[PDB]
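Only one chain comes next, encoded as structure tokens, the form deposited in one PDB entry.
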């Protein structure tokens, strides 16, 4: 959008700190007004020395010095509260937006891009909102006052200095366009540097195993070189732009001098001398304005990237139905789905009904769409064709927070936080549960045995993503996390992929006790864990080719019979 629209929207975040901003200006006025007083009283003491009591002058120095210090403290301290408060408000707004963005947003964006926006882009708007305003108001008023002051003595001579106003306006406009474009390139380049570093840290084991240290070094060297080159190009533009405006001023002054010499007749000192002296006070304010033009555009480009994320569309939440507890009946009716931005159809026509106290088993080859179907019930991705009804109400009529409270999920990709074992099991809505409840859930997931052997028991830290645990132990913590949540609907997405047969039997036996009070949807590749399911759905290329029980599907010679053995 327009650069003025972005800047005015940025100033809306400085409104709560208007009172603190005025104190900073008042404090700096006290500091500035002291300098003439100290110098003036210094001269009086000196003059008295050469020549009705001056013995009070030494005492007055301390008072004015203390008065100067109070003004300096107010200016510096209360200006930081405006700058730090503005940055803090933007960071909180950016992070709270991350918790409502759709899943498809995180799939098409790197983590380094998002981290850099909250860390680096926010600091780029500090100067444009605090220091830039003071300079523009102060030096801007000085230039306007001087031009009115010059017009008073001689309007004919001011026409020469007015003729260079258009050329400065064109030059300032052209330079501002470059600064905004160059700042946008710099923030993207900084995001690329963070993206390379984040990717290498996440996959250091792949880099360490298959070689590629030379490949990773070159990739980061190019990313860092571009960031340095683009930052250096901005400085070169700024370092030529400021001196070039000064040369325009002095060229105009040179033309003014020639006219005065030719116009020296019919006049004398006191009128032409005053005009030349006044005209010489213009270069200094213009230099200050030039050096702040880069800062303003740097903030404008930074705020544009910040406001792009804040204006991004969140997941649809137009529902209003809230229920304390649902029966758990799940029904899918003629559902078809394709991922956004993709023309491939993942699900063609799905129809099944799950009654309370039942298991529905989802089996098939890899890539059939079993995880996609289970990811539409919690409304991770929006569906357009078909209906998904939970307890007779379409899942789009529930509120998002209320809908996800009734569904317990065990994803295929197990993710854990860098915290204690007890904190990982009781996370979010179930946080603060009694330790007895946590241990009961862990016992059901066959996880109490290895937890008790940890150095600190349930308080042991698992490290980053649970790296300090084996693959099967991480997965059993994810199962325990979902069992504590209870919920009428439980979806298991390959919950025993990293477990042996003995651990599977213990978990499968413990899952029969939660059979009666909930509806379970199981996606499994080991068919021995779903042999007691009420309904088994065999899905191939997005269509449920076969359905029935274990005996019915075995008698029929189809995909299930071949997959079973």
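Positions refer to the first chain, counted from 1. Note that the rigid core is defined as the largest set of C-alphas that superpose within 1.5 Å between two forms.
Absent from the display: the form deposited in another entry. The rest refers to it.
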{"item": "Single mover in 103, 382, 154, 358, with Cα shift of 2 Å or more between the shown form and the other one when the core is superposed", "value": "154"}
{"item": "Yes/no, residue 329 Cα shift of 2 Å or more between the shown form and the other one with rigid core fixed", "value": "no"}
{"item": "Large Cα shift (2 Å or above) at residue 125 between the shown form and the other one, core-fitted", "value": "yes"}
{"item": "Rigid core superposed: residue 435 CA moves 2 Å or more between the shown form and the other one", "value": "no"}
